[PDB]
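As the structure lists them, so they are numbered: ligands from 1, and atoms in each ligand from 1. Chain letters run A, B, ... following the sequence lines, proteins first, then strands; residues in each count from 1. Computed from heavy atoms alone, side chains included, the values below leave out hydrogens, waters and symmetry copies.
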Amino acid sequence: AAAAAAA
Amino acid sequence: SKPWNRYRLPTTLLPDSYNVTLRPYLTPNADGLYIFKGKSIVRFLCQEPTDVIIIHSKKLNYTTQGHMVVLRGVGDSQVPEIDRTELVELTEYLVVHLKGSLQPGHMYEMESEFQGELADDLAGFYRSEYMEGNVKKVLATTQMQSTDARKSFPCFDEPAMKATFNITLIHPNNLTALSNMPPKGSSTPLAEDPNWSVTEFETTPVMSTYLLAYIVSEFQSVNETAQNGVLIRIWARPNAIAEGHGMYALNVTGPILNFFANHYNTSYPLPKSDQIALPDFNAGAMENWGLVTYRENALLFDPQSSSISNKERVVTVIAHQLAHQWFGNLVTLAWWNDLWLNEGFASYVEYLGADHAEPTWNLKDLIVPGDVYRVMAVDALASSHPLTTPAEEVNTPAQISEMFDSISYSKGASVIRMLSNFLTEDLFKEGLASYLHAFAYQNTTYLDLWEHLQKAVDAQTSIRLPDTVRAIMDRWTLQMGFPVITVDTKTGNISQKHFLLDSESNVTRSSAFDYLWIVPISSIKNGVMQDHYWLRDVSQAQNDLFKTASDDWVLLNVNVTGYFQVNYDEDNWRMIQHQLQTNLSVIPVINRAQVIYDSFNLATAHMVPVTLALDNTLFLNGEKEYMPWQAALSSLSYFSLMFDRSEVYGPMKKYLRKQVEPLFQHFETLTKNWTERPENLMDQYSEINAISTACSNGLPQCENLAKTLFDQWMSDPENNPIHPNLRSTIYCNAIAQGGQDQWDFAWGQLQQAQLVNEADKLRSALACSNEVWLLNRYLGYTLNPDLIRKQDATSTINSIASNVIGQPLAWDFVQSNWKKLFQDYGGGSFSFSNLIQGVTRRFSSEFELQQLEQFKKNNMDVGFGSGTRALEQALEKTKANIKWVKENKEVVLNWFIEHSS
Ligand SMILES: *[C@@H]1O[C@H](CO)[C@@H](O[C@@H]2O[C@H](CO)[C@@H](O)[C@H](O)[C@H]2NC(C)=O)[C@H](O)[C@H]1NC(C)=O
Ligand SMILES: *[C@@H]1O[C@H](CO)[C@@H](O[C@@H]2O[C@H](CO)[C@@H](O)[C@H](O)[C@H]2NC(C)=O)[C@H](O)[C@H]1NC(C)=O
Ligand SMILES: *[C@@H]1O[C@H](CO)[C@@H](O[C@@H]2O[C@H](CO)[C@@H](O)[C@H](O)[C@H]2NC(C)=O)[C@H](O)[C@H]1NC(C)=O
Ligand SMILES: *[C@@H]1O[C@H](CO)[C@@H](O[C@@H]2O[C@H](CO)[C@@H](O)[C@H](O)[C@H]2NC(C)=O)[C@H](O)[C@H]1NC(C)=O
Ligand SMILES: *[C@@H]1O[C@H](CO)[C@@H](O[C@@H]2O[C@H](CO)[C@@H](O)[C@H](O)[C@H]2NC(C)=O)[C@H](O)[C@H]1NC(C)=O
Ligand SMILES: *[C@@H]1O[C@H](CO)[C@@H](O)[C@H](O)[C@H]1NC(C)=O
Ligand SMILES: *[C@@H]1O[C@H](CO)[C@@H](O)[C@H](O)[C@H]1NC(C)=O
Ligand SMILES: *[C@@H]1O[C@H](CO)[C@@H](O)[C@H](O)[C@H]1NC(C)=O
Ligand SMILES: *[C@@H]1O[C@H](CO)[C@@H](O)[C@H](O)[C@H]1NC(C)=O
Ligand SMILES: *[C@@H]1O[C@H](CO)[C@@H](O)[C@H](O)[C@H]1NC(C)=O
Ligand SMILES: [Zn+2]
C-alpha cells in the first residue's frame, strides 16, 4: 500500500 | 510444538490454483448485520508426506456439508479420510487432521463453504458506506494487505505461495462487479434468484493472495484503450465521474504505464488496468494487481477547486501503485521482512513515472524534501532501526504491520535512489530488467536484486566500485542511521560518524560495522563538478578533491543523492554563503536547500552554532526557487513554535518580512497582479510559500491582497475569485484581519462545501480568527456532529491551538472536556495522540511543564487510552523544549535583531 510521500 | 501453533505455514503443501465465489449481501439482516457468503476450492500439491492440512482462515464460519472442508484427490489420486477439522484462532488457521498421509507429487482439491461479516472495518472483504443525495449507498470491496485474504476465504496466505485464481462474484444484477482480471463475458442471472447476477472473471496469472481484489458497486468509469489494446479505466462514484473528476487520472495513467514497461524492459503483464476512487479509504492506496484502490482525494482531481499540490499528489500516488504492477506484483518479495525493498522501490520510482507524465515539473527533485530529509529526522535517533530485519523475527500479523513505516518507505526510497545514482541509471535498469525477467511470477529476497545488479556491474568496465554491490548496500541496510560527513577544506581531511540530532544520546543498538559506512561522494568545486569519490569504511581519510584555497569553495553530495548530511569548517561555510549571496545560480537548487537543511540539523546536534544555520538563510532575499525557501520554512517552524509568544518574535517576523518581500514583489509582477499562475510546478509551489510567508509575517502588501480578494468573494459568493493554490493563505489571513462577518461567511461556505479539500481549507482558515470569542465559539462547535465531522474534530481543535491566541483556549478546552474519553474510545477510537501532540506542541517553560504534570495527575479513572503514550511523549518533549529555549533564546534574539535592520 500507499506512498507517494510529501515534503 | 504442533505446526498449527506456529505462525509460519508448513512447506509440505503448495497451492496450484483456486476457485473462489463470493457473494456480498449489501442489505443488512433484521439486526443490522451485513454478511458475505463464499465457496472455494483450492488445488494444492503435496511436497512432503503429511497427515495435516494447515491453511489460513480468519473470522469465517464454515457451512460446508460434513466437516469444515471436503477433500478430494485430483485425477486418480486417492485421498485419506478426514479425522476432524478445527479452527485455531491465534495463528489464524483452519486445520484438517487426516486419518492417513498425503503423498508427495499428488495433487488434492479442498472445497469449503463459508460466511463472514461484511464489516465496516477495511479488512478482507468489507463494506463501505457513503452518500448519494439523500440516499445512503453501500458497496463491497477488498483490502487483503497484508494478512487479510484469509478473512475472505481460506487460503495459504503467505506472499511466496502464489497461485492462479478464478474469481466469481454473485451480486445484485444492477451493480458492477470488478476484479483483478477482466470478466469472462456478460453476467448471467443467478438461477436460485435472478435479482442476482453471476460475474466470472478470467484466470489471474500466478500471484500472491495479498494482491487479490474484488468490488461490487454502482460505480462508473472513464476509459481509454492504449495502442497495445490494454484497457485503462478510472472508476468512481457516478456523480464524481459526471463532474469530470476522473479525467486527470485517466490522462496520466497511459503515459505512466508506457514509461514503466520501457523502464522495466518488461511488458505490462495484464490485459487491463482498473483504478478505483473509494470514499474514505484510510489505507490511502493499495496496489492490487489490475485493480488498484485509492481514496478519492488521492485519485480524483477537480480543476476548479483543487490546488497544484493536489495535482502533484494524484500523479505521484498513481505512479507509485503502477510501479508495483511489476516490482512487487510480478516479482514478489518472499517475506514481509523485505517489505522495505518493495515499498522503498515504488517510493523512489513514483517520481520517475510521474516525471514522465509531467516532464516540465522537475518532480524528481521532490524526493529530497519529501523522503530524504523527512526520514532523516527519525533515522537520526537512537530509537531508529535498520531497513533489514531477520525473517525469523517477523511472524505475527502485528509484526508484519510494523514493517510499514517511514524507514521502510522513505529510507528505502533514499537508499535505492543512492544505489541507482552510483551505479548510473542505465546500469541499474539493466540489473533491474535481469532481476524481473529471472524471477517473473516468483519470489525473491533483496540479495537477489543485488546479485542481478552485480551481474550488470561485472558485465561492463566503465563503472568501478570500491566493493561488491552487496557489501556496499549492507552498510546502508544492516545497520540503522546515517553518517554526517565532515570536511576540513584546509587539509582535505574528511571524516564520517553516526549522526544523531541529540549529541547526548546513548546508542545501544550495536552495528556489525561499528557505524561506519561506504559512502559515495559527489562534489562540486567553484560550481564545477569534480571526480567522484568513495569514502571507505574508515573514520577519517584525506583527498585533495576536498582541499581548497581560501578563495575557492567545495560542496559535497550533489543533489543529495547520497543518504548523508555534510559539515564543513567555518571558512568553507562562509565561502558558500558568499557564493549564495553574489551568484546563487552556480549552486544547484537542491544544494541551495541542502545547505539550510543540513546546517539546522547540525546546529541541533551542536556541530555548528545556530547562528551559522541562520546565516545560511541570508541569501534567500534573492532566492526565487521553491526548495531552498521550503528548507528554511521547514527548519524555522520550530523557532516560530518556540518563540511566537516571546520577545524573539518581532525581530524574527521582521527578518522574514525582509527576506520574503522581494520574492513577493517578483510574483506580483510575474503573475500580472496575481491574475495568472506561474507555469511550472516548482514556481507555483514557490509562489504559494511566498504568499504564505509574506502574509503570516505581516507584510502589508500580502495582507492587502488577502483582504481585497476575500471582500471580492464576499460580495459575489458563487464566483470564488481566489485560485485554489492561494486559498489556504488568503482565507486564513482575511479571517485573521476580519471579524464575525468574514467568519460567518466562511462558516456558511463550509456548511455547504461539497468537496472535502475545500471544506478542509475553510475549517483550517476559520481557526485563524484573532477574536477570542470567535475561537471559543468555534471550539464549542468541534464536538457537535451536525457542524463538524467526528473525524475532523481533533484536527479543528489542533488548528485553533496553532493560533497563538487560540493556544490557551484550545489547551483549556482539552483539559476541561477530557471526559470525552468515556465517549469516543468505545464508539470511534478518536486520534487522541494527535490532539495531545498538537495542543502541547508549543510548551517550552517549567511553568507549562507543571501544568502538564498537574493535568496528568488525573490518572485516577478515565486514563488516556490511545494517547497514553502520547502524554508521556509530551512531557519528555516539553523538557527538551525548555532546555533548547534556554540554550538558544539569547543567541537567536540577537541574530534576528542584528539581521532585520
Ligand atoms: C481456473 O481456471 C483455469 C482456466 O480455465 C483452469 O485451468 C485448467 O486447468 C487444468 C489443469 O488442472 C488443465 O486441464 C487446463 O489446461 C487448464 N486451462 C488453462 C486455460 O490453463 C484451472 O484449473 C482453474 N482452477 C481451478 C482451481 O479449478
Ligand atoms: C473451477 O471453476 C471452473 C469454471 O467454472 C470449473 O470448470 C468448469 O467445469 C464445468 C463443470 O462443472 C464445465 O462445464 C466446464 O467445462 C468448466 N469450465 C471451464 C472454463 O473450464 C472447474 O471445474 C472448477 N474447478 C474445480 C476443481 O471444481
Ligand atoms: C528490452 O531491452 C532490449 C535491449 O535494449 C530491447 O531489444 C533491442 O531493441 C532494439 C530495437 O529498438 C534493437 O535495435 C536492439 O538490437 C535490441 N537488442 C536486443 C538484444 O534484442 C527490447 O526491445 C526490450 N524489450 C522490452 C519488452 O521492452
Ligand atoms: C519462490 O521463488 C523461488 C525462485 O526464487 C522458486 O523456486 C524456483 O522454482 C522454479 C519453478 O517455478 C524453478 O525453475 C527454480 O529452479 C526454483 N529456484 C529455486 C528453488 O531456487 C520457488 O518455487 C518459490 N517458492 C514458492 C513456494 O513458490
Ligand atoms: C542535479 O539536479 C538537477 C535538477 O534539479 C539536474 O539538472 C537537470 O538535468 C537534466 C539533464 O541535464 C535536465 O533535463 C534538467 O532540465 C536539468 N535542470 C537544470 C535546472 O539544470 C542536474 O543535472 C543534477 N546534477 C547532477 C550532477 O546529477
Ligand atoms: C459466526 O458464528 C457465530 C456463532 O457461532 C455468530 O455469532 C456470528 O454471527 C456468525 N457470523 C456470520 C457472519 O455468519
Ligand atoms: C439497484 O436496485 C436497487 C433495488 O431496487 C436500488 O436501490 C438501486 O438504486 C439500484 N441502483 C442502480 C444503480 O440502478
Ligand atoms: C486531460 O487532458 C486534456 C488533453 O490534454 C486536457 O485538456 C485536460 O486539461 C486534462 N484534464 C485535466 C484535469 O488535467
Ligand atoms: C588530517 O589528517 C592527517 C592524517 O592522519 C592528520 O595527521 C592531521 O592531523 C589531520 N589534520 C586536521 C587539521 O584534521
Ligand atoms: C552566474 O553564473 C552563471 C554560471 O557560471 C553564469 O551563466 C551567469 O552569467 C552568472 N551571472 C552573473 C550576474 O554573474
Ligand atoms: Zn506501495
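Taking every heavy atom of B:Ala160 and a limit of under 4.0 angstrom, the matching atoms of ligand 4 come to 26 (C), 27 (C), 28 (O). Heavy-atom contacts of B:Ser585 reach the following atoms of ligand 10: 1 (C), 2 (O), 3 (C) (cutoff under 4.0 Å). Residue B:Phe439 has at least one heavy-atom neighbour below 4.0 Å for each of these atoms of ligand 4: 5 (O).
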Audit row: B:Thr489, B:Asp569, side chain to side chain donor-acceptor pair (under 3.5 Å) steps and yes/no: CA-CA 7 Å; B:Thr489 58; B:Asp569 62 88; 2.6 Å; yes

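In this structure, B:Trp336 has its ring center closer than 6.0 angstrom to the ring center of B:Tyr210. Taking the six-membered ring where the residue is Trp, the centroids of B:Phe482 and B:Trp476 are separated by 6.0 Å or more. Between B:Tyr214 and B:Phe201, the ring centre distance reaches or exceeds 6.0 Å. Checked against a 6.0 Å centroid threshold, the rings of B:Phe260 and B:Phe327 do not count as neighbours. Separation of the B:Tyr93 and B:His56 ring centroids falls under the 6.0 Å cut-off.
At least one protein heavy atom sits closer than 4.0 Å to atom 10 (C) of ligand 10. Atom 23 (O) of ligand 4 lies below 4.0 Å from none of the non-hydrogen atoms of the protein. Protein heavy atoms are found inside the 4.0 Å sphere centred on atom 14 (O) of ligand 9. Remark: atom 5 (O) of ligand 4 lies closer than 4.0 Å to at least one protein heavy atom. Note that atom 1 (C) of ligand 9 has protein non-hydrogen atoms nearby, at separations under 4.0 angstrom. Note that atom 28 (O) of ligand 4 has protein non-hydrogen atoms nearby, at separations under 4.0 angstrom. Distances from atom 1 (C) of ligand 4 to the protein include at least one heavy-atom value under 4.0 Å. For atom 5 (O) of ligand 9, the protein comes within 4.0 Å by no heavy atom at all.
Here's the thing with B:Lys162: none of its N/O atoms is less than 3.5 angstrom from an N/O atom of ligand 4. Of the N or O atoms in B:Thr491, none lie within a sub-3.5 Å distance of an N or O in ligand 9.
At a 4.0 Å cut-off, not a single heavy atom of B:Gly527 sits close enough to ligand 10 to count as contact.
The side chain of B:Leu14, and not its backbone, has at least one atom closer than 4.0 Å to an atom of ligand 4 (non-hydrogen atoms only; side chain from C-beta on).
Between atom CG of residue B:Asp448 and atom OG of residue B:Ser434 there is a gap of 10.5 Å, rounded to the nearest 0.5 Å.
Considering only non-hydrogen protein atoms, atom 3 (C) of ligand 9 sits nearest to B:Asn493 ND2, 3.7 Å.
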